[PDB]
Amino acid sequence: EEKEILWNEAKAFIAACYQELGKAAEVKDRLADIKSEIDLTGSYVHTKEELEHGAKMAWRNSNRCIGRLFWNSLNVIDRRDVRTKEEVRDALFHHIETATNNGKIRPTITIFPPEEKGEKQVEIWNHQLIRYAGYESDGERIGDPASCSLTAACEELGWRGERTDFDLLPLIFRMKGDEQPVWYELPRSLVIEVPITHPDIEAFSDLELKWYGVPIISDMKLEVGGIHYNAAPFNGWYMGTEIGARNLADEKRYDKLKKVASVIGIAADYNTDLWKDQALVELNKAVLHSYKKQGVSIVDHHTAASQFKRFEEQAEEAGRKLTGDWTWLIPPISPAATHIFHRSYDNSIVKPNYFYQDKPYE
């Protein structure tokens, strides 16, 4: 069955991919090659064209992603050649550098060797390549609570955080054959961060908030034509609400709404005053203002929804079915001010796509 699963997925992907690339005539011969290759080796190897277009299709098929208008401009870096942890580390360093691009963020994915027999060649432990540590002990809460389990795992391996609210976690990954992952501290020169200030409320800087420029998701599996690329970190730029309405706002994250209320000069005492809503607006204004002022790419939710509308239109014009997850596509503030809220979406799963996979720790 496993071989057959591979072959069925391969057939489907190659036909669709080559059709999109105007390579329909080459489908028959390529399929035979793949079929022979699966018979002889138990798998097959993507051409660079297949890999690149596969990663793009996967983004295009990501139901939960509002940023899909730009799917075809994804920068795909083929690192199926890596064999050593130094090569992996350097590839991750490089991804950070080239994706960051001095603040003009380039949507980028680096693709490492795929699983062989369900056996990972490279196993990335980070949730994002750049993320803050979190600590919890004896009433004391420091940093990002979402990172507590990974932080504890790193500290088991000899890493030690300074215990600021914004410690950069090291890169941490394991190679096939090794019992333990290795870790490497991030060079600060590679990591752009943005201090959060408000366009007209001077006291906002008293909160000493900041966030990192580039979100680089590194724990999802890219599946293309039955091949499982468990290690394939990708990035875009942020939508502002991710930072201002979730990372800094959530009670189980940085939980800053009461402090925001205080610095903007409103009471945080009565639900009917809508102080949380007001704090959310000002914090989100501050986030967009700060990224723009520094020259780090970001998009607001209104602009992002407008871009997504064009993606919907483009899909229709191309004769492609549109899939989406309404519950993730609506922004977490003012959702009914976007067109997304007022329509429905088919949440069917189409491949290629990006998938969750079990954590290697905890």
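So that there is no doubt, residue numbering starts at 1 and follows the sequence shown.
- Checked against the record, the higher mean CA B factor of 69 to 77 and 111 to 119 lies with 111 to 119.
- Stretches 39 to 47 and 327 to 335 differ in mean CA B factor, with 39 to 47 having the higher one.
- When the Cα B-factors of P170, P195, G103, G177 are read from the PDB record, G177 comes out highest.
- In the PDB entry, the Cα temperature factor peaks, among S218, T84, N230, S290, at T84.
- Sort the chain's modelled residues by C-alpha temperature factor and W125 lands in the middle third, per the entry.
- Annotation for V296: C-alpha temperature factor in the lowest third relative to the rest of the modelled chain, per the entry.
- Looking at the C-alpha B-factors along this chain, the one for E312 belongs to the lowest third.
- Among the modelled residues of the chain, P145 sits in the middle third by CA temperature factor in this PDB entry.
- Among the modelled residues of its chain, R64 has a C-alpha B-factor that falls in the lowest third according to the deposited record.
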